[PDB]
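Only one chain is shown below, in structure tokens, and it's the form deposited in one PDB entry.
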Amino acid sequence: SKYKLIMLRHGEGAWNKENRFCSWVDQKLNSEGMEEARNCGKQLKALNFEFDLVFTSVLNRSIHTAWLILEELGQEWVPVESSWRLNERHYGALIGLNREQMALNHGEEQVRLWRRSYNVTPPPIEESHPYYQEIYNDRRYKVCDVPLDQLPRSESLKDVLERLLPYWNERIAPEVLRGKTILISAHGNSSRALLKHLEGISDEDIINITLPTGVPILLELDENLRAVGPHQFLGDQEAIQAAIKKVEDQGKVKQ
């Protein structure tokens, strides 16, 4: 048999609009992002989606995106589970910095490696960093399945998959195999990590995969829980490609 699930990157937030690496900083959705989430809900309603379970990260932007989708569907009663293992990749010291500024300071090539490569690790975030305290002082990280002191201070995409894969295999995949309809409301890089795994994308090719905010990602899996075909974006393809280009351009120098 085959199974289909829906995954997506949270709706736009101020940091996305202002082009600043946000990562573990708990930014909220902005007005545009709330609309993106509601539109996702409307598309899923048009398709008559009936979710059984929803998985999100512990960053509120992914939770609110899910709540808006459920409201549009009239499915607010559907169980939601949130885990740090679906949190966006930890950008370390790059958190708070402007992506274009980094391109000007370090070059487009280096920024592309930091953003999309599989093995490159961002410099770790230090206690002196402006956003260190608010991240590690938050109670949500005192009750994780990993001690506060053991949580990452920066992550390569590979590091992300290493802490996300166990969650997928142990808590999400079993439900998929039970024929349940699942929604994964997450982030750009945590979603890219899962897609790399499910689609068998090489360490080299994953660098060219970019996900825009607020666009449902359709993925079909076979009996072995591997992608039957490439992931697909739901909606106007021209608009979606334009949004993808916008994300890519965040790390480029004006021309």
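Residue positions are given as counts along the sequence shown, with the first one as 1. Shifts are known only where both forms have a C-alpha. Only the largest set of C-alpha atoms that superpose within 1.5 Å between the two forms is called the rigid core.
One more form of this protein should be noted, the form deposited in another entry, which is absent from this view; the next part is about it.
Among the candidates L165, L148, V80, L104, the CA atom that moves 2 angstroms or more between the shown form and the other one after core superposition belongs to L104 alone. Taking 2 Å as the criterion, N16 counts as shifted between the shown form and the other one: its C-alpha moves by at least this amount when the rigid core is aligned. Core-superposed comparison between the shown form and the other one: the C-alpha position of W114 differs by no less than 2 Å. When two forms of a protein are overlaid on their rigid core, residues whose CA moves 2 Å or more are considered shifted, and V25 is not one of them between the shown form and the other one.
Note: the CA-CA distance for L68 and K17 expands in that other deposited form relative to this form, by 3 angstroms or more.
Relative to the shown form, the CA atoms of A242 and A46 are brought 3 Å or more closer together in that other deposited form. In sequence order, 11 to 19, 99 to 117, 235 to 249 are the runs of at least 3 residues present in both forms whose Cα atoms shift by 2 Å or more between the shown form and the other one once the core is superposed.
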